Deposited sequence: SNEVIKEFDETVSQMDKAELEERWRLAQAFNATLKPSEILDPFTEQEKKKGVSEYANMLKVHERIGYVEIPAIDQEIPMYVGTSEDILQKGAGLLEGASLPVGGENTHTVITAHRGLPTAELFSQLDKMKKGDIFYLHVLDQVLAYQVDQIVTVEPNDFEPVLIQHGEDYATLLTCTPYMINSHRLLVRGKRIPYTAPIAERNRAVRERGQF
């Protein structure tokens, strides 16, 4: 809402060369990221090039009428206000051999957040708005796993993936719902 408008307003006032340089720095990070143990979020400075007044963009999910601001990390402060980029995952700038993981609560009293993520189906398309770029991902896999069974958020060579992660069943939170999309061609209108 206000936060998303503010983000896009700020970006539109930024220097084209700086936007380009920031983007390449994110790509460099994604090109050199080593596999690491990725923990369940519910129970740094490395993304600084993406930060615009602490936000790194937003995730747009037309299937559930959501546009949710994104931040770095999964602390409770972050998750009370938007979605968080998971520690150890790729930055949300795409590229071959990348897998970004974006997490949000299955609803809060005053924001639906990922409450309706269970409504998403294979073929649905969601969009990551990062700096002045918009990256489209099409849902190709939906699984629910125990917090201990987290292999599906790992980097797969040759692919460009983005997973939306929340808790499930609603209010029972015994498991995690992972909605995986694969990059499809899309560029924001100029």
Write out the missing regions of the deposited sequence in sequence order, one range per stretch.
1, 45 to 52, 200 to 212
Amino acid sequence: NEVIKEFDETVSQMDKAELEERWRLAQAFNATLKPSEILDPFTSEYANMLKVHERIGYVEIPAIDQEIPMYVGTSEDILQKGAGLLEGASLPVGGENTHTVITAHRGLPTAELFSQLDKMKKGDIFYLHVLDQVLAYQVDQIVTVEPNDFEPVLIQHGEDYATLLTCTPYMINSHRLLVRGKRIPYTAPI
From here on, numbers count along this sequence of modelled residues.
17 to 25 versus 170 to 178 - greater average Cα B-factor per the deposited record:
170 to 178
Quick one: higher average CA temperature factor, 72 to 80 or 87 to 95?
72 to 80
Criterion, highest CA B-factor; candidates, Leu128, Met49, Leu33, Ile142:
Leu33
Could you check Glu45, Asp160, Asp132, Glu60 and tell me which one carries the biggest Cα B-factor in the deposited entry?
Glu45
In terms of its chain's C-alpha B-factors, the third that includes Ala136 is the lowest
What third of its chain, lowest, middle or highest, does the C-alpha temperature factor of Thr110 fall into?
highest
Could you tell me which third, lowest, middle or highest, the C-alpha B-factor of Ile64 occupies within its chain?
middle
Place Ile190 in the lowest, middle or highest third of its chain's C-alpha B-factors, as listed in the PDB entry.
highest
The third of the chain into which the C-alpha temperature factor of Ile184 falls is the lowest
